[PDB]
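Report on the following structure.
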Amino acid sequence: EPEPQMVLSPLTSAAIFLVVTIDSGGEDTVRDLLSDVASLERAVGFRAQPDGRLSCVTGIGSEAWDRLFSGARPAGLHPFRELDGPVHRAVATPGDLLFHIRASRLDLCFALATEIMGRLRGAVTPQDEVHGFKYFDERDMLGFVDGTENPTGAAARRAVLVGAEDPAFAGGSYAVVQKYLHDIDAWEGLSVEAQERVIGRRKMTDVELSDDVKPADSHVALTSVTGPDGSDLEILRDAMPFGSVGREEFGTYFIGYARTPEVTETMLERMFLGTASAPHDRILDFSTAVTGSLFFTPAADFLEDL
Amino acid sequence: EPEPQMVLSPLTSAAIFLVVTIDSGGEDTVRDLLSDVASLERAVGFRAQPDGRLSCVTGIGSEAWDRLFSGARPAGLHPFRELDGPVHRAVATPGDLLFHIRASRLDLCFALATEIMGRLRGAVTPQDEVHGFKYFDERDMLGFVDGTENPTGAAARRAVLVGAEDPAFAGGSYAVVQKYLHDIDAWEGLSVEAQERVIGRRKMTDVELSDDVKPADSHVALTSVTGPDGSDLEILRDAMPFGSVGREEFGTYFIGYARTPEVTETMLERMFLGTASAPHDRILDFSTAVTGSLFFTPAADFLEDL
Amino acid sequence: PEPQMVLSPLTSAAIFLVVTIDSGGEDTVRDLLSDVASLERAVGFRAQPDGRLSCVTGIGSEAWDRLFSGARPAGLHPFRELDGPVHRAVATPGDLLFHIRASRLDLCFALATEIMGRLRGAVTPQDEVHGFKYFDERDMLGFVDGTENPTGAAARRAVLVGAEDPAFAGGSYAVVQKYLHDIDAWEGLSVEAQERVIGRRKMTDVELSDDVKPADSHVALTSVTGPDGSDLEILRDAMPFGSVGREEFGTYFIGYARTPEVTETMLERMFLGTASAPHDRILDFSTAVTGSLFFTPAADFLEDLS
Amino acid sequence: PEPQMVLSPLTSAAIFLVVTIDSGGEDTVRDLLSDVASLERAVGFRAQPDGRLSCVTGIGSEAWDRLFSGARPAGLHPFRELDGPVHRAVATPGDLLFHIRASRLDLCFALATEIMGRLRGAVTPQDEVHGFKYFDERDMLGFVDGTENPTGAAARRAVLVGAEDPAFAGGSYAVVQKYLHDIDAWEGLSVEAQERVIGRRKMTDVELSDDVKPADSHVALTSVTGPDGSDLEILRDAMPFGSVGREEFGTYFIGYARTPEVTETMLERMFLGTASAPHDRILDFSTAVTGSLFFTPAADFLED
Amino acid sequence: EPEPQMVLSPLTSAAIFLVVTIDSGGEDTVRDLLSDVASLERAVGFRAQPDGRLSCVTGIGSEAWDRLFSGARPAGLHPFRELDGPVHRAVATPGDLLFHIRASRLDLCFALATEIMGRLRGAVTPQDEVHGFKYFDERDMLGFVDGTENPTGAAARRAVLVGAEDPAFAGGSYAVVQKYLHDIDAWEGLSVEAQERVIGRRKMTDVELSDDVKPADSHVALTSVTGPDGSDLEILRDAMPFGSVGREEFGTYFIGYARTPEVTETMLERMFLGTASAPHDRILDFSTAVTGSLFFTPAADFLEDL
Amino acid sequence: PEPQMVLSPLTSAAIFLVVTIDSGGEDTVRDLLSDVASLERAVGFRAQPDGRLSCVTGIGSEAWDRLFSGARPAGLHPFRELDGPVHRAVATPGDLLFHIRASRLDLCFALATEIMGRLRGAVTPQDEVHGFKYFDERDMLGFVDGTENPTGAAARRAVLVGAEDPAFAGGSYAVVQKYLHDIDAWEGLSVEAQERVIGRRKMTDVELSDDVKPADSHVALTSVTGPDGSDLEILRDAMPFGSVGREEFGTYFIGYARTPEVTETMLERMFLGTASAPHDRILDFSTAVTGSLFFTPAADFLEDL
Ligand code: HEM
Ligand code: HEM
Ligand code: HEM
Ligand code: HEM
Ligand code: HEM
C-alpha cells in the first residue's frame with residue numbers, strides 16, 4: 001500500500017500552522033526539505049514519546065506543484081475558489097506550502113517549526129503563522145464544543161484518503177485552511193438560546209437540536225450534506241482557537257481534510273452563497289474569513305522518494 | 001498574618017505576561033478591577049482544579065501607585081533604572097500594571113487575561129503581551145536548563161516576601177521584567193564548550209563549572225553576589241521562552257522577584273556595568289533587552305480591601 | 001461492519017440499565033436506538049481523552065420480534081432457566097440493556113440521564129446497578145477478576161458474529177446475571193479454602209497446578225474445549241456493587257460471546273455439574289437474582305433505522 | 001491539636017453514612033472511634049499517592065451525652081427545624097456521621113465496609129449516599145460548585161474551633177441536608193433565568209454584578225457579614241447523587257464551620273427570608289428530606 | 001532556623017543505598033564533596049521535575065566524624081552496637097558515609113550516584129551498593145504493605161528531627177541501616193493466617209490484628225514502644241526490596257530515621273533479645289541481618305558551610 | 001499466528017535473563033514454556049494499564065534440538081564469532097532468553113522470580129542484567145537511543161517471519177550482546193567529537209548530513225541497503241545498566257529481525273569494516289563481553305505445549 005501522512009492524528013491540545021510562498025529559484029531547497037521532513041519529525045519527537053504526540057502534515061498548493069514536479073497532477077488540485085455571496089465573501093490568499101504541526105505541547109511544535117524554517121531560510125517568504133491552543137473541554141472561541149461529529153476509524157479513512165478514483169495519488173488528502181476572526185462583542189450580545197439557533201446544538205451539553213427546532217440557516221444544518229445515493233459526505237476538522245488579548249483578536253483557525261475538494265467546496269458554497277431555504281450560514285454574521293488556501297497532502301512515500 | 005499573592009508558584013509550563021499603561025481618567029476602573037482580580041482567578045481556575053494551577057500576580061509601577069493611592073509608598077518602589085554600559089544598555093520602558101498569569105495550559109492563562117482586559121477596555125493601553133511556553137526538560141531558548149539554583153521552601157519566603165523592614169507592606173514583593181531577543185545564529189556558531197564558558201554550567205548535565213575553570217565574565221559568576229555579612233543574596237526567577245519562527249524572533253521573557261529591588265539591581269549592574277575582573281556578562285553578547293520595568297506586587301488582602 | 005464498543009479499554013465505573021418496553025412504546029424506542037451513538041458522542045467527546053465513555057445497547061428475543069419485522073439473529077432466544085439439584089439460574093424480564101462504562105461514575109450517569117429522558121413514558125425500569133472496580137482489579141470476593149479474558153485478535157474472533165450469520169456480522173451476544181454474596185460465610189473460610197473454590201492463588205493470581213486444582217473449582221468448570229480441542233472463550237466485565245447499610249455485597253456479571261452456546265455450556269457445567277463435580281463451589285457463596293440474554297447489533301444496524 | 005481531614009484536597013467520590021446508636025451499643029461505638037484513624041491508614045496507604053482517602057467522624061448532641069461525661073462542646077445542639085412561610089428545613093435522627101472521601105468510589109466503599117463491620121449489632125442505618133462530582137466540578141443543577149470556598153489560612157480560621165472553646169480546639173461543626181431536585185422544572189428555565197436563581201453566570205462562573213444580582217438569589221442570601229464587616233465563611237463539599245430509574249436527582253449538602261451560628265444564620269435567611277427576599281429561589285427547585293448537626297472532634301480526642 | 005536534608009520525602013518507588021569507608025588521606029576530597037552534594041542533587045534532578053522526586057540524604061559515622069571535624073560531636077552519635085541474642089544476632093559492619101538516594105525511577109538515582117562517586121574515586125572504598133524497588137501497591141519482599149504506620153506531617157517532624165535538646169545539631173537526624181536476606185522458601189511454606197501472626201496485620205487488607213488475637217512475638221507487638229510518660233516512640237522507615245534471581249538473593253534493605261538513636265536501639269533490643277513475654281521477633285526466623293551501621297544526617301546548612 | 005510481544009510500547013525498565021539447560025532439565029523447561037504467557041498475565045494484569053509488563057522467550061540453536069522434534073526455523077544457528085583486526089565479537093553460551101520489560105523494575109523482578117522458581121534445578125544462570133532507560137530516552141553514552149527504529153506496518157515487515165518459513169510465521173530472531181563502556185575515555189571527547197562517532201547531534205538528535213557524516217560513524221556503518229535498493233532494518237531496545245562501586249557502565253544490546261542475515265551484516269560492517277572504514281568508532285569506547293542468538297517463536301507455538 002501507500003503510507004498516508006498523519007492526517008488522522010489522536011487528539012492534540014497545541015498546534016502551529018505555517019503557510020509560506022516559494023521565492024524564485026527556491027525550488028531545489030524546498031525539494032531537499034520535503035525528502036527530510038519525516039526524519040526531522042522523528043528527531044524532535046522521539047525523546048518526548050509516548051506523551052508528546054508530535055506530527056507534521058505537509059501540503060503543496062496548485063501553482064507550487066507545477067513549479068516543483070513534472071508529469072501527472074492530483075485530479076482535484078486547483079487554487080482555492082473565491083466565493084462572493086450576497087452578504088459574505090470567502091477570500092483566496094497566497095500559499096505554496098502548509099506545515100500543519102500538532103502535539104500535546106506548544107514547545108514541541110515550536111522546535112519542529114524552527115528546524116523546518118532553518119532549512120528553508122533564503123528560499124521562502126512567510127505568509128501566515130498561527131499558534132493554536134484548544135480549551136480544556138474541547139470548546140472553541142464561540143464557547144461551543146468543536147469536533148463532536150468528526151468521523152472516526154474506518155469511516156474517517158474512507159472520508160479523507162484518496163483511493164482508486166485517482167490511483168497515482170492514493171494515500172493523499174486535500175486540506176482547506178481559513179483563518180476566521182470573531183466579533184465576540186456582537187456574539188456575547190445573544191442569549192444562549194439565540195447562540196444555539198446559530199450553531200444547531202445545545203451549548204452546555206452538546207446535544208444536537210431536534211429536526212423540528214433546528215433552523216434551516218444554522219451552521220450544522222448547512223454543513224450536513226448527502227450524495228445522490230443518499231450517503232453522508234463527511235470531512236475531518238481540527239479547528240483551533242488563537243489570538244491576542246491586547247489587540248482584541250479572537251479567532252478560529254479552520255482546517256478540513258477530504259478525499260476530494262468537491263465535498264469541502266459544497267459545504268463552503270452552502271455557507272457563503274446559501275440554498276433555496278437559507279440566505280447564508282448564521283455563524284458568518286459573527287465570523288470573518290481573512291485567509292483561504294487549498295493544498296494537496298501527498299502519501300508519506302511520495303515525499304521520501306524526492 | 002498578611003496572605004501573599006501566588007509569587008511562590010509550583011512549576012508551570014505556560015504563562016501570559018501583560019504590561020499596560022493607565023489612560024487619563026482610568027484610575028477608578030483600575031481600582032475596581034484590582035478589588036475583583038482574586039474573584040476572577042477563582043471563576044476561571046476552580047473548574048480546572050487540581051491540575052490547572054492557574055494563578056495571577058498583579059504588580060503596580062511607581063508612577064501608577066501615586067495616581068491610585070494616597071498614604072504610604074512601599075519603601076523600595078521607584079521607576080526601573082536605565083543602565084548605560086560601555087557596550088550593553090538596559091533600557092527603561094513604560095508600564096503601570098503587570099499581570100503575571102501562569103498555569104499548566106495556555107488556554108487557562110488566555111481565559112483569565114480575556115476577563116481582566118474585558119474589565120479595563122477604555123481605561124488602559126497595552127504595552128506588551130507575551131505568551132510563554134517552557135521546553136519539556138526545563139530548557140530556555142539557548143538550550144540550557146533554566147531555574148536550577150532558584151531558592152525553595154523557607155529560603156524562598158525569606159528571599160522574596162517583604163517582612164518587618166516595611167511592616168505596612170508585609171507579604172508583598174518586587175518584580176523586575178525584561179524581554180530579551182537572542183541572536184541564535186551567533187549562539188549556534190559556538191562549540192558546546194564555548195557556550196558552557198558563557199553560562200558557567202555544563203549544557204547536557206547542568207553541573208556547575210568548578211571555581212577554578214568558571215570564567216569571571218560567565219553569567220553564573222556575575223549573578224552570584226554575597227552581602228556584607230557573607231550571606232548569599234538570592235532572587236526567584238520564572239523566565240519563559242517565547243517567539244515567532246516566521247519573524248525570526250527567539251526570546252527569553254525574564255521576571256525576577258525579590259524582597260527588595262537592591263538585590264536584583266546589584267545583579268543587573270554587575271551584568272551591564274561589569275566589575276574590575278569582567279567588562280560585562282557574556283550572555284549579553286547574544287541577548288538584547290527591549291523592555292525594562294519595576295513593579296510592587298502587594299499582599300492579596302491589600303488588593304481585596306479597596 | 002462497525003461493531004459497538006464491546007471490546008472496551010479498562011474501565012473503573014459502569015451503569016447497567018435493564019428496561020421492559022410498555023405496550024405502544026415501540027416507536028419511541030426505535031427513535032432512541034437510531035440516536036444512541038450520537039448521544040454517546042454528545043456526553044463523551046468533551047471529556048476525552050480520559051473519560052473513555054461508551055455505551056453498548058442490547059435487545060432481548062421478545063423485544064426484537066416487537067421492534068423489527070425481518071430476519072432474527074440465529075442465536076437469539078429468551079434466557080434458559082437452569083434448575084439444578086441445589087442451585088437455580090433464574091430468568092427475569094428485560095427487553096433493552098444499556099451497558100455504560102467510563103473512567104468515572106458521573107459520565108456513566110450523564111449518559112444514562114439522556115437515554116432515560118428520551119424513553120420516559122415508553123419503558124419500565126427492571127434493574128439499575130452502579131458498579132465500581134477495586135484499584136487492583138479485585139472483585140467482591142477479593143480475587144483479581146479479568147485475568148484470562150482474551151485480547152486483540154483472539155478477543156475479536158471470540159466475541160463478534162462473522163460469516164456464520166452474515167446479516168448480523170459485527171454483532172455479539174450478552175448474558176447478564178446479578179449475584180448477591182454471603183460475605184459472612186466467605187470470610188469464614190481460610191485463604192487456602194478460598195483458593196480451592198476459585199482455582200487461583202489469592203494474593204499473586206497464579207493458577208493452581210493441574211495436580212491440586214479441584215474438579216468443582218470455578219476455573220475448572222468454566223474451562224471448556226470445543227471438538228478440535230480449541231479453547232472456547234468469552235469476554236467478561238463483571239463489576240462489584242452494593243450498599244453497606246442493607247448488607248448487600250454483589251457481583252454484576254456480564255459475558256459477551258459470538259454465540260450463546262459458549263456461555264450456556266459454561267452456565268450448565270456451573271449449575272448442573274458434570275461427571276466429576278456436583279456444581280461450581282462459587283455458587284455456595286453466590287445467589288443469582290436476575291438472568292437475561294441480549295443481542296448487541298453492529299453500530300450501523302442501529303444507525304440505519306426509522 | 002491535630003484536626004481530622006476537614007480541609008481535604010478536591011475529591012470526585014464520597015460516601016455519607018448516618019447511623020443511630022441502639023441501646024447498649026455505646027461501648028462497641030467507643031471501640032470503633034479509637035480505631036477509625038488506623039482504619040483510614042489501612043485502607044488508604046497501599047493506594048497512595050492517587051487514592052486521597054479520608055474519613056471525618058461526627059457526633060450528634062444526644063449521642064454525646066450517652067457516650068461521654070464532663071464538658072460538652074459549646075455549640076453542640078440538635079438540628080433546629082425551620083418552618084418557613086413556603087419551604088421547611090426538616091430535622092431527622094442521626095447520632096454518628098462518617099464523611100468518607102476519595103478519588104474513587106471503591107476506596108470509599110472499602111473503608112465504609114470495615115467501619116460498618118465493626119458496628120454490626122450496635123447501630124441502625126438512617127442514611128447511605130454514594131456521591132459523584134461532574135468532571136468540571138459541576139453539580140446536579142449544572143453550575144460550578146465550590147468556587148467561593150475559603151482555602152489555606154482563611155479556611156483554618158473559618159472552620160476549626162480555637163481559643164474560644166479550648167478543650168475542643170481543632171474540632172468543627174458539620175451540618176448535613178439531603179436535597180431532591182425538580183429537574184423537569186429547572187430545565188424549563190432559560191439559562192438567564194437559572195443565573196438569576198444562583199447569582200453566577202452558568203458557563204464562565206463569574207459572579208453577577210451587585211446591580212443585576214437579585215436579592216433572593218442563592219449567592220445574595222448566603223453572603224453574611226459580621227459586626228466588624230468581615231465575611232462569615234463556611235467550607236462546603238456538596239455532592240450529586242441519584243438513581244435514573246426512580247427519577248431521583250439530588251445534592252447531598254455538607255457544610256463545616258467553627259460555630260453552628262454561621263451555618264444556621266445562612267439557613268434562616270434561605271428558608272425564612274428577610275425584609276428584601278421571600279426565600280432562596282434555589283428552594284423552588286430543591287426539597288430537603290434530611291437535616292442533622294454533628295461535632296467533628298480533633299483526631300487526638302478520638303485516639304485517647 | 002535550620003534547613004533539614006530531605007529526610008521527610010514523598011513516596012518513592014526506587015532507591016540507591018551507597019555505604020563507603022574513607023581511605024587514609026581522603027579527608028579533604030570528602031569535605032569538598034560534602035559542601036557540593038546539595039548542588040549535585042539540584043543539577044541531576046531539576047530538569048526531571050515535577051515527577052523525578054530525586055533527593056539524597058548524606059550521613060556520617062561516629063569514627064568518620066572525628067577524622068572530618070574538630071569541635072562538638074552530635075550527642076547521640078556512637079558506633080552501631082552488636083546484639084548477641086540466644087538465637088539471632090544483629091552484626092555491626094563498617095561505614096563512614098551513607099548516601100540514601102531516592103526517586104520515582106532508578107535511572108535518576110544512578111545518575112546522581114555516578115556524579116557523587118566520580119568526585120570521591122581515589123578517596124573512598126565501597127562497602128555496600130544496593131538498588132531498591134518498591135512493589136506497585138507498597139508491598140515488600142514478604143508480600144505485606146510496608147510503611148502504613150509511619151508518622152506524617154507535624155508528628156513526623158517531632159519524631160525524626162533533632163531540636164533544642166542538642167541545639168548545635170538541630171534539623172539533623174540519626175539513620176540506622178541493616179541489609180536483611182530472607183528465606184523465601186520457608187516464608188512461602190506458611191499459610192496466609194500464619195504469615196499474619198508473624199507480622200501482626202492482615203495480608204490483603206492491611207488491617208491491624210485486634211489486641212486479643214495479636215501474638216506477643218509478632219513484629220508489630222515488639223516494635224510498638226511507649227516512653228517513660230505514656231506516649232508512642234516513633235521512627236520513620238523507608239525499607240526497600242532488592243535482589244538477584246540468578247543468585248537466589250531476596251532481601252529487605254532497612255533504613256530507620258529518629259531524633260535519637262535510643263528509640264531505634266530499644267526496638268532492636270526487643271526484636272533480637274526478646275521480652276519476658278516473647279523469645280524474639282518471629283520476622284527474624286525468616287530474615288538474617290548481614291550489615292548494621294549508624295549515621296548522623298546533619299542539617300543541610302551544616303554541609304554547605306564546611 | 002499471534003506473535004510474542006516483540007513490538008512492545010516504550011519501556012523504562014527491563015530484566016534480561018540468559019540460562020543454559022542442565023542434563024535432564026528438558027521436561028521442566030517444556031512445562032514452563034507452555035505456562036509463561038499465563039504467568040505474564042498473572043503478574044501483570046492487576047497492574048494494568050500502566051505496568052505494560054511483557055516477556056519475550058527465545059531458544060538457542062543447540063537447545064532447539066534438545067527440546068523439539070520436527071522442523072528447525074530456517075535461520076537458527078549458533079552466534080558467529082567475529083575476530084576483526086582490532087575488535088572481536090565473542091560468542092558465549094545460552095540456551096534460553098527471557099526479555100522481560102515494563103514501566104517499573106519491580107514488575108520485571110516479580111515475573112523473573114516466578115519463571116526462575118519453576119526452573120530451579122533444571123537450568124544454570126549465565127547472565128542477569130537489570131536495565132534502566134534515562135527519562136529522555138538517552139543511553140549510557142548520553143545520546144537518544146531508538147530514534148530510527150521502525151514503527152507500525154514497517155516494524156511488522158522488518159521483524160516477523162512470514163511466507164518464507166511458513167511453519168514458523170510470527171516468530172523473530174534476537175541477537176544479544178552485553179557491552180562495557182570506557183566512560184573516562186568517552187567523556188574526554190568534546191561534544192562535536194562524540195557527534196562524529198555516533199553520526200547525530202547530541203542535544204537535538206538531528207542526523208548529520210550525508211556530506212559531514214564520517215564513513216566510520218556508527219550510523220553510517222549500521223545503514224545497509226539490499227539488492228532492491230530498499231533499507232534493511234532491525235528493531236532495538238538496548239538498555240543502560242551498571243554498578244557505581246565496580247565502575248561498571250554498560251549497554252545491554254538486543255536487536256530483533258525477520259532473519260539473522262540483516263543483524264549479521266550490521267555486525268560484520270561494525271567489527272570487520274568496509275572499503276571506506278576500518279571499524280565502527282563506537283567500538284573504541286565499547287567492549288562486547290557476551291554474544292548469543294535466539295529464535296523467539298509465535299506465542300501459540302509455546303502454548304500448544
Ligand atoms: C537572556 C536572559 C537570561 C537567560 C537566558 C538566563 C539564563 C540563566 C541560566 C541558564 C542560568 C543557570 C541555571 C539557573 O540557576 O537557573 C541562570 C542563572 C541565573 N540567572 Fe540568569 N538568565 C537570564 C537573565 C538574568 C538576569 C537579567 C538576571 C538578574 C537580573 C539573572 C539572574 C540569574 C541568577 C541569580 C541565576 C542564578 C546564579 C547562581 O547559580 O547562583 N538572569 N540564568
Ligand atoms: C459471582 C460471579 C462470578 C465471580 C465473582 C467470578 C470470579 C471469577 C474469577 C475471580 C475468575 C478468575 C480470574 C479471571 O477472571 O480469569 C473467574 C474466571 C472466569 N469466570 Fe467467573 N466469576 C463469576 C461468574 C461467572 C459466570 C457466571 C461465568 C460464565 C458464564 C463466569 C466465567 C468465567 C470464565 C470463563 C473465567 C475464566 C476461566 C479460564 O481461566 O479460562 N464467571 N471468574
Ligand atoms: C440544593 C442544595 C445546594 C446547591 C445545589 C448549592 C449550589 C451552590 C452554588 C452553585 C454555589 C455558587 C458557587 C460556589 O461558590 O460554590 C453556591 C454557593 C454557596 N452556597 Fe450553596 N447550594 C446548596 C445549598 C446550600 C446551603 C444549604 C448553604 C448554607 C447553609 C449554602 C451556602 C452556600 C454559600 C456560603 C455559598 C457561597 C456564597 C458566596 O459567594 O460567598 N448552599 N451553592
Ligand atoms: C526485613 C526487615 C523488616 C521487614 C520486612 C519489616 C516489615 C514491616 C511491616 C510489614 C510492618 C507493618 C506495616 C507498617 O506499619 O509498616 C512493619 C511495621 C514496623 N516495623 Fe518493620 N520490618 C523490618 C525490620 C524492622 C526493623 C529492624 C525495625 C526497627 C528497628 C522495624 C520497625 C518497624 C516499626 C517501628 C513498625 C511500626 C509498628 C507500629 O507502630 O505499628 N522494622 N515492618
Ligand atoms: C554498543 C552499544 C550501542 C549503542 C550505545 C548504540 C547507540 C546507538 C544510537 C545512539 C543510535 C542513534 C539513535 C537511533 O536511531 O537509535 C543507534 C542507531 C542504530 N544502531 Fe546502534 N548502538 C549500539 C550497538 C549497535 C549494534 C550492535 C547494532 C547492530 C547489530 C546497532 C544497530 C543500530 C542501527 C541499525 C541503528 C539505526 C541506524 C540508522 O539510522 O538507520 N547498534 N545506535
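Each chain gets a letter, A, B and so on, in the order the sequences are listed, and its residues count up from 1.
- Contact check for B:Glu115 versus B:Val44: side-chain heavy atoms found under the 4.5 Å cut-off.
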CA sep, side-chain torsions, deciding dist, call: A:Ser244, B:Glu129, side-chain hydrogen bond (donor to acceptor under 3.5 Å, both in side chains)
CA-CA 8 Å; A:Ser244 155; B:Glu129 188 182 347; 3.2 Å; yes
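- A pairwise comparison of heavy atoms in B:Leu97 and B:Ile60 identifies CD2-CG1, 3.9 Å as the closest pair.
- Minimum interatomic distance between B:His280 and B:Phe272 (heavy atoms only, all atoms of both residues): CB-O, 4.4 Å.
- You'll find the side chain of B:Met267 stays beyond 4.5 Å of the side chain of B:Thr264, heavy atoms only.
- Side chain of B:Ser231 to backbone of B:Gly227: no donor-acceptor contact under 3.5 angstrom is found.
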Set out, in order, the CA-CA distance, both residues' side-chain angles and the distance that settles side-chain hydrogen bond (donor to acceptor under 3.5 Å, both in side chains) for D:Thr147 and D:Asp205, then state yes or no.
CA-CA 8 Å; D:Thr147 313; D:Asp205 200 17; 2.7 Å; yes
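- Proximity of B:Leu112 to B:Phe99: side-chain heavy atoms (C-beta onward) are nowhere separated by under 4.5 Å.
- With respect to D:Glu137 and B:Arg47, no salt bridge is recorded, no charged nitrogen being found less than 4.0 Å from a carboxylate O.
- Donor-acceptor pairing under 3.5 Å is lacking for the side chains of B:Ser55 and B:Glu41.
- Of the possible polar contacts, one joining the B:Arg67 side chain to the B:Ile22 backbone as a donor-acceptor pair under 3.5 Å is found.
- Aromatic ring orientation, B:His100 versus B:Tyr257: parallel (interplanar angle below 30°, classes split at 30° and 60°).
- Using a 4.0 Å cut-off between charged nitrogen and carboxylate oxygen, B:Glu265 and B:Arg81 count as a salt-bridge pair.
- When side chains are defined from C-beta on, A:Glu248 does not count as touching B:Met117, because their heavy atoms never get closer than 4.5 Å.
- Around atom CD of B:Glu63, no more than 12 heavy atoms belonging to other residues, nucleotides or ligands sit under 6.0 Å away.
- Atom CZ of B:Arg270 sits in a crowded spot, with more than 12 heavy atoms from other residues, nucleotides or ligands closer than 6.0 Å.
- Aromatic ring centres of A:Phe133 and B:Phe110 lie closer together than 6.0 Å.
- Proximity of B:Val30 to B:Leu120: side-chain heavy atoms (C-beta onward) are separated by under 4.5 Å at one or more points.
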Side chain to side chain contact (heavy atoms under 4.5 Å, CB included) between B:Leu268 and B:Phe80, intermediate numbers included:
CA-CA 11 Å; B:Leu268 285 167; B:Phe80 186 84; 4.1 Å; yes
Chi angles and distances behind the side-chain hydrogen bond (donor to acceptor under 3.5 Å, both in side chains) call for B:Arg73, B:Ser62:
CA-CA 9 Å; B:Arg73 290 190 36 103; B:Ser62 183; 2.7 Å; yes
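- At distances below 3.5 Å, at least one donor-acceptor pair connects side-chain atoms of B:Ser104 with backbone N or O atoms of B:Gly52.
- For residues 151-173 of chain B, the salt bridge (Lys or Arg N to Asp or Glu O under 4.0 Å) pairs, not counting sequence neighbours, are B:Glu165-B:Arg259.
- Nearest heavy atoms, D:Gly162 versus D:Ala169: O-CB, 4.0 Å.
- Under a 3.5 Å cut-off, the side chain of B:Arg53 and the backbone N or O of B:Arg102 do not form any donor-acceptor pair.
- A salt bridge is absent between D:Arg138 and D:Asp145; no separation between the charged side-chain nitrogens and carboxylate oxygens falls under 4.0 Å.
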Starting from the C-alpha separation in whole Å, work towards a yes-or-no answer on side-chain hydrogen bond (donor to acceptor under 3.5 Å, both in side chains) for B:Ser224 and B:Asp232.
CA-CA 8 Å; B:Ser224 294; B:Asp232 289 329; over 6 Å; no
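- Looking at D:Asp237 and D:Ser8, their side chains never bring a donor and an acceptor atom within 3.5 Å of each other.
- Of all heavy-atom pairs between D:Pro214 and D:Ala220, the closest is O-CB, 3.5 Å.
- Under the 4.5 Å side-chain criterion, counting only non-hydrogen atoms from C-beta, B:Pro298 is in contact with B:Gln5.
- Checked for salt-bridge contact, B:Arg119 and B:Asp36 meet the test: a charged N lies under 4.0 Å from a carboxylate O.
- The neighbour count for B:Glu262 CD, taken as heavy atoms of other residues, nucleotides or ligands under 6.0 Å away, does not exceed 12.
- Minimum heavy-atom separation, D:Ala257 to D:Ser172: O-OG, 3.3 Å.
- Judged by distance alone, with hydrogens and angles left aside, the side-chain atoms of B:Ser293 form a donor-acceptor pair with the main-chain N or O of B:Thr93 at under 3.5 Å.
- With sequence neighbours left out, the ring pair (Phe, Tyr, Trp, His ring centres under 6.0 Å) criterion links B:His182 to no other residue.
- In this structure, the side chains of B:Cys56 and B:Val37 come closer than 4.5 Å at one or more pairs of heavy atoms.
- In this structure B:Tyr180 satisfies the ring pair (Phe, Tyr, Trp, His ring centres under 6.0 Å) test with no other residue, sequence neighbours excluded.
- A heavy-atom distance below 4.5 Å is not found between the side chains of D:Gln194 and D:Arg281.
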B:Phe69 vs B:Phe302, ring pair (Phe, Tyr, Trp, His ring centres under 6.0 Å): CA-CA, chis, key distance, verdict:
CA-CA 11 Å; B:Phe69 314 114; B:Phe302 181 94; 5.4 Å; yes
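- Of all heavy-atom pairs spanning B:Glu304 and B:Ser35, the tightest one is O-CB, 4.3 Å.
- Atom CD of B:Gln127 has more than 12 heavy atoms from other residues, nucleotides or ligands within 6.0 Å.
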